[PDB]
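# Structure assessment
Residues per chain are reported as follows:
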Amino acid sequence: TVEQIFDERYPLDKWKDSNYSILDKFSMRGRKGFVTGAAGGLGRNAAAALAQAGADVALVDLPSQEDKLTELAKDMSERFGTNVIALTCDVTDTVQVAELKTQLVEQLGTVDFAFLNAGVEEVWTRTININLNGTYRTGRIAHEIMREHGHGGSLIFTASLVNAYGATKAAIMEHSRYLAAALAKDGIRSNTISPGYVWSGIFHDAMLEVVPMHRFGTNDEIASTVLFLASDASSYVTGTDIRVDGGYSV
Amino acid sequence: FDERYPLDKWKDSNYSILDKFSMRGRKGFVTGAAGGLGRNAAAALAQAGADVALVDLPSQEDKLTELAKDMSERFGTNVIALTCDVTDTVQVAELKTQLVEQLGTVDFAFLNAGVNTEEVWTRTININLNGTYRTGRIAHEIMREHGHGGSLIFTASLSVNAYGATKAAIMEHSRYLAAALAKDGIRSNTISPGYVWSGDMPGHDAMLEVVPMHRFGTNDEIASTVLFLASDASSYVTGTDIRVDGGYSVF
Ligand SMILES: [Cl-]
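Residues numbered from 1 in each chain as written, not as in the entry; some residues may be left out. Chains lettered and ligands numbered in written order. Heavy atoms only, no water.

Between chain B and chain A, the contact holds 70 residues from the first and 68 residues from the second. Summing both partners gives a buried area of about 6,100 Å² for chain B against chain A, and 62% of it is carried by carbon and sulfur. Of all residues in chain B, the largest losses of buried area upon contact with chain A belong to B:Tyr5, B:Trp10 and B:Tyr236, amounting jointly to 17% of the total for that side. Counting across the interface, chain B meets chain A through five salt bridges. We note a salt bridge from A:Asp220 to B:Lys20, for which the minimum N-O separation is 2.9 Å. Connecting chain B to chain A are 38 residue pairs in polar contact. Mapped by element, the contributors of at least two residues to the side of chain B that touches chain A are α1 (36-47), α2 (61-75), α5 (161-181), α6 (201-208), α7 (219-230) and β7 (241-244) of chain B. Here the side of chain B that touches chain A is built from residues that sort into 34 nonpolar, 19 polar and 17 charged. (Contact = heavy atoms within 4.5 Å. Buried area = accessible area lost by both parts, 1.4 Å probe. Salt bridge = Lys/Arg side-chain N within 4 Å of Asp/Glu carboxyl O. Polar contact = N/O pair within 3.5 Å; in protein donor to acceptor, adjacent residues only side chain to side chain. Helix = DSSP H or I, 4+ residues; strand = E, 2+ residues; numbered from the N terminus. Nonpolar A, V, L, I, M, F, W, Y, C, P; charged D, E, K, R; others polar.)

Below is the structure:
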């Protein structure tokens, strides 16, 4: 055993082995996790994508969204055959986040992935800091559970809706960079998704001339990128960002 | 607007997010295909359902021929070997014809440049770059001639200021292509690999000391990213880069 150690832990051609399957790397069978902002377009689509790929998922959003979370979770549980549950939490409330940690463990079993899907005078600077601490503490309990259960996982941070988004975006990105460096050894990856203009419904012509694809993204085009980053397909990807913006930045 | 941008595709029971990652019905090619990244990326695309041409130098014809068989057998798609010296525009012209003849069209390409006395270093780099640029070019010429979209993926890997110079040029090229070809339904992206193993135990932990994951990547860990960028899973992704480096850039 001198060279045949490097050959055991570093195959050059996994695809040669009949038991290797590239598509199974995008599967979430056996995996459990949660999605914040889950009553919204990005969150519930990401959650449905993970559930259809085989994960158990907790849908997390504000207590005021309970009935929507409960209906979405029943619908996904039925359509995809996994345990999708609803867990209300206002993550700016410390006690509720502590309770969420308990209920994730007690109702899911463990946490393998978290999609921390954050929503965006001197009032703005106060509310930016409040919502960032909410994001931070939610990611924190996610990786505490991972560590406490002795396994790895995947954290995915995003922010969606000018100075406020830019400052929030920069903060989250630096936050994910440090997590990626500090938790890599616990098997925990951290990445961000930076969405461009995504359709969300009425409640144009100018901003689409900016976008080289000349259209908006849909919620499912973010959801497929979340599945990549949450799945083993992205097992060597940490500390980075995926821009999903139709070319906006280019 | 109503019907153009659906909000919850998952509510259709004949929709699946996992079909986005399939390459069934797709055809394309991979350069540097005898090397680690290229053959692993070819095998990923073929396993996912694509017909694939393996392109590399004429000196690799036998390797490519065996690789094409290995993958045709394992995955049931048409995988072929096409040698080409891509610094020769005549050969690249013939490569374009052979691709259209033997595959039917090109939907994706993984342009996988290798790296690699002052005048000579700059000349070597620019010849290498230009080989990448023109194989990229025949790919989107074929897409546009045949009236459909596609996906281009560019990477440079070791085969350091020469590597850095090559990486910056390819990134600019892909940014330009992504802007220019979006109208034609053609995406272009890059992959930036970190330390990937392709064949001393303390010299091991030596360079891993600045990799947070404290291990080398493996060729399959780049292949799966190639598959993500080639498939409809990344349909709103263009003009950007995916770094696959085990945390190297955030140490
Ligand atoms: Cl959050």
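Time to look at the packing of helix α2 (residues 41-52) of chain A against helix α8 (residues 219-230) of chain A. All names here are of chain A. Where α2 contacts α8, the axes come no closer than 8 Å and their chain directions differ by 50°. Overall, the two elements α2 and α8 adopt an arrangement that is oblique. Considering only the axes of α2 and α8, their crossing is right-handed. Each of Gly41, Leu42, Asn45, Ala46, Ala49 and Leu50 in α2 lies in contact with α8, whose residues at this interface are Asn219, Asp220, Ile222, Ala223, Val226, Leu227 and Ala230. Taken together, the residues of the contact of α2 with α8 break down into nine nonpolar, three polar and one charged. (Axes fitted to C-alpha atoms, helices over the stretch in contact; angles between N-to-C directions. Parallel < 35°, antiparallel > 145°, perpendicular 65-115°, else oblique. Left-handed = near helix turned anticlockwise from the far one by under 90°.)

By themselves, these are just geometric observations and shouldn't be taken as functional.
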